[PDB]
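The data below hold one chain only, encoded as structure tokens and taken in the form deposited in one PDB entry.
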């Protein structure tokens, strides 16, 4: 079913570059204000549709830079929220600051502000650059969602619900617009604890009851992805379940049916639900580790590039210096010169220059490691040649450099 590269970006380097670029963007002179601890606000909303569907208030999301640690965060703003009870913020925030989960966007702070020209309620989240909602990704008007992708989503939401429910809390909001893809097939709940504050007090439903609602909302989320119609527009659930049954396996239809069902005399628990998707959970555990290996591979390659870069800088500092006289032309530095030629002045038998990057990187790594491998250094007149090991070259190399450190 699923591919090994399930959690793997196609081009990790560009992806990181684009995300870094998106993280640093600022608007020099915007009408947006500066908060006591936040500045350089940048809107992330593609469309400023004054919509109140999710929280009963219009909501904006800003990328902002914190003043204390200088890191970037996502600020969720509820326009027009008037603080009547400070306890709503303190109690909800006290419960959610504990939560740390790979499938939930962390909340750090909740506060009210007047800097926007009104009474606004601000929620400060982790920032995930170039994130798009499941709504934006799958429902935006122009294809069918692969079943393995849905199972991936199910396992990640299940992961979130395990942590949330175990802490005597509920994921009040499971709408597609409030679940973001922070990377390929990687989803996180983007709006936790907001409904906890908005519905504080006036709510009468208990925790367990709210948790029962999480499963229904969970089931409607899957149904939306399978049918392509948003949850709020699902008029005929039986008709949707039957659409799902024709496109997907019986296993998926059974899971969604268990999530939607409220007529059984048994209370639904995340414990029971996980037991039923154990096989899928193991598969995406595997895929996560394989992607970990992929990231470790690239990370190891770039850390070594860092080491090589510092070696190349030292090399450039040593050779052809200005100024003992002819210091770079005599003794050890002369061999270092021929080594440079061997690595960076490679030429084919025909006489054409060879610019293979691989030969160059391999040689510099062997130099740092001081490998007991021999190479043939050829003089520029080439009448004379020298056989040296990388271990020996490293010795000359370190000795030539620390002479300059002596001179300070």
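By rigid core we mean the largest C-alpha set that fits within 1.5 Å across both forms. Positions refer to the first chain, counted from 1.
Beyond the structure shown, there is the form deposited in another entry, which is absent from this document and is the topic of what follows.
- Relative to the superposed rigid core, the position of the CA of residue 378 differs between the shown form and the other one by 2 Å or more.
- In a rigid-core overlay of the protein, residue 20 has its C-alpha displaced by under 2 Å between the shown form and the other one.
- Three angstroms is the minimum change: in that other deposited form, the CA atoms of residue 258 and residue 7 sit farther apart than in this structure, by 3 Å or more.
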